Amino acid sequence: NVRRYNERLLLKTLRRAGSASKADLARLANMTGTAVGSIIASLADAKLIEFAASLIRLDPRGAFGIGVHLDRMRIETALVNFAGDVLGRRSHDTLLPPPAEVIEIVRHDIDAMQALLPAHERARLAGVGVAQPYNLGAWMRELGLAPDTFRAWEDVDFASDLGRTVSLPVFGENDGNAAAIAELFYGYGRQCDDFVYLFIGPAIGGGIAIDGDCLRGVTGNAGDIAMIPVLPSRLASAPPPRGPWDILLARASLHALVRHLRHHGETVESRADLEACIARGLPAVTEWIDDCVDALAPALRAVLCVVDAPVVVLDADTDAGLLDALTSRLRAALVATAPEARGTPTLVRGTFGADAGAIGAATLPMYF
């Protein structure tokens, strides 16, 4: 199985270099010219590489994956190629229905994606990845921490239930990890093997890149950014506290922003309502940003104490300026508390935005 690893590494090195030569792929990865020649030849019979001394790059159309991303107000399905290009997408902005209905919706949308490939190319489609948030469970849902939408989804394995209605093989991943995986393979991870990935969605989520691989955990629950203890919000729109500690989810998620926007009389029912408010420069957004960062900087410091990565990547489900504003304020809060930390990382903007989880979900089938 050591030939399987030397092929993934040669590929990973080509991603970092774009186009490299036989001799270059010896220099990097510190391999013998005889053995990368035999590895290049392995990737060539798999139609995974192509010509750019002769230089080779990955073949963008050498494999395909379909990625499904479920969330409280979004069912999304995307056809992604080997270079991470999104070649097709069906996005439903709807309150997440019961799992039975979603299987039917996703199955049809999986059919429209595979049918975007010509007959002579559908064979390169590796399968389907499903990305979805952690379920907090019944007790925390009925206490107010998670919407009633997820009630029909507790102790329901959607990826398995989907795999028994489609012939393609189905892989499941948490959506924070899936978005980190997109950044690892096609985004900042092409030049950086260690980082903390923060994603501000309806719920906040995240993932942990160590040594070029996404940390998943013993039970698939590593990187659970949403659950880190923080102090209760002091925003007027926050509910009363349930005790001395809250969780990062309550404060640094777009849902908290929507809750705060409604507190100042705004109506927010679609994502387009949310974007319109952000684009109006309302002070209520800045108040939420300050409160968000006030929770997220200490929570992130805790994470950096555990992991010791030099880079933090921040992305979000909604922009219209929101993300740059979050990045500036969070960077300022790190710089102002840097003397009290042993190291302080670089903060970079994520690459894929709302499309991250679907792209990362699509990657799973292509690399296994």
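Numbers follow the displayed sequence, beginning with 1.
Novice: Which class fits the unmodelled deposited stretch between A52 and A53: none, 1 to 3, 4 to 9, or 10 or more?
Specialist: Unresolved stretch here: 10 or more residues.
Novice: On average, which has the higher Cα B-factor in the deposited entry, 222-230 or 157-165?
Specialist: Comparing 222-230 with 157-165, the higher average CA B-factor belongs to 157-165.
Novice: In the PDB record, does 359-367 or 3-11 carry the higher mean Cα temperature factor?
Specialist: Higher mean C-alpha B-factor in the PDB entry: 3-11.
Novice: Between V307, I56, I66, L70, which one tops the list for Cα B-factor in this entry?
Specialist: Going by the entry's C-alpha B-factors, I56 comes out highest.
Novice: Could you tell me which one of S253, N177, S91, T267 shows the highest CA temperature factor in the PDB record?
Specialist: Max CA B-factor in the entry, restricted to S253, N177, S91, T267: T267.
Novice: Thinking about Cα B factors across the chain, which third does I39 belong to?
Specialist: As the PDB entry reports it, the C-alpha B-factor of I39 lands in the highest third of its chain.
Novice: Select lowest, middle or highest to describe the third in which the CA B-factor of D109 falls within its chain in this entry.
Specialist: As the PDB entry reports it, the C-alpha B-factor of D109 lands in the middle third of its chain.
Novice: Would the CA B-factor of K47 place it in the lowest, middle or highest third of its chain?
Specialist: According to the entry, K47 has a C-alpha B-factor in the chain's highest third.
Novice: Ordered by C-alpha B-factor within the chain, which third holds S21? Give me lowest, middle or highest, please.
Specialist: It falls in the top third of the chain.
Novice: Which third of the chain does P118 land in by C-alpha B-factor: lowest, middle or highest?
Specialist: As the PDB entry reports it, the C-alpha B-factor of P118 lands in the highest third of its chain.
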